[PDB]
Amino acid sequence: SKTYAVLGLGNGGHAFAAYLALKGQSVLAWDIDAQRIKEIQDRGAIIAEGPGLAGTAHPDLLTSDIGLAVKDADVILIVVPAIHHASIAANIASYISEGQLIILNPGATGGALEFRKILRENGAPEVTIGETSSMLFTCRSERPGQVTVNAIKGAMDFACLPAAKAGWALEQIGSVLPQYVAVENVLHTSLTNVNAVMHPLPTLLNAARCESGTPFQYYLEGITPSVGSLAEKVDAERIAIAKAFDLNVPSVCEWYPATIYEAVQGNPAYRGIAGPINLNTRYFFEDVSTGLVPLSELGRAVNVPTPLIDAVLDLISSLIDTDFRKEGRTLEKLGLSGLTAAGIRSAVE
């Protein structure tokens, strides 16, 4: 039985914190929002319900003080939108200690790398930092202190920095989180960012609908055959980038069907998912910064063309007046600036 720090008490945060507490571990949870922490404190528990997980959980601690949640943890689970990773790394830098395990859920593209870079810049001790490319849970918290859990993934790719510590890492969480399965390195998990394909493009191709708040089923109506075919050509660029590092990451289709259109039209799970109701959506903010941007940067490195990814990237930036190539995850933010394709491979081992 160990101490887990759960950072971020959003939908996922709620689920991990309940899951862990119901499994007999000590859970210390944090969220930047004091108010939210205050409502959960009043309630005195986190109620989990649904097919995937049901129970009344009791974290050992709820706080809005990051150091208090982290300082004494054995494992630190970070469950926030990838756009926040940097901020969290800088903030916890002073509390971490040699021997802790940090896991980004998930890392989007380059979460562990970016995380490692910031910690070293802030003179932190060397620690093992892992990342998963998927979300363990499908859930929704209607209010603080509550979470509905539809399901829990049965297998999850997991990789860390440094890669040799993958076994030890998994040896640590194995009893409680046997879903994690080690892949070669963090390039594998980071290049398996399906959201970078499925979110920005279809949203761009439904821009007016989204801006105008005109309701539509994101998957069912937002992705017609030609939109699915275009997404497949963007996916092919991702795959070509993975092959240039010698990795065999799965295509969007494999991630779910001979086509994306078939895959999407056929998952009943997508029944009822609405598209964005405005352009200030994560499908752009997060998936472009932590997905398209790094993908493009990477392809530039290994000299693999990404004309479609770039075209999408450039149109979205202008469409919303955000210089994503500057604000997103650049090779520099990942600590990969001036490395050759082989140098990059060597940096993750």
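The first residue of the sequence shown is number 1, and the count goes up from there.
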{"item": "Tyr256-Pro257 interval: deposited residues absent from the model", "value": "4 to 9"}
{"item": "Average Cα temperature factor in the PDB entry - higher stretch of 192-200, 245-253", "value": "245-253"}
{"item": "Mean temperature factor over C-alpha atoms, higher-scoring stretch between 8-16 and 324-332", "value": "324-332"}
{"item": "Deposited CA B-factor, highest of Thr128, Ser87, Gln179, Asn105", "value": "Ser87"}
{"item": "Top residue by Cα temperature factor, when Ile83, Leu77, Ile273, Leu279 are compared in the entry", "value": "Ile273"}
{"item": "Chain third (lowest, middle, highest) by recorded CA B-factor, residue given as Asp42", "value": "highest"}
{"item": "Third of chain Cα B-factors occupied by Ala263", "value": "highest"}
{"item": "CA B-factor placement of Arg143, once the chain's modelled residues are sorted into thirds", "value": "highest"}
{"item": "Record-listed C-alpha B factor of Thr56: chain third", "value": "highest"}
{"item": "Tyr219, C-alpha B-factor rank within chain (lowest, middle or highest third)", "value": "lowest"}
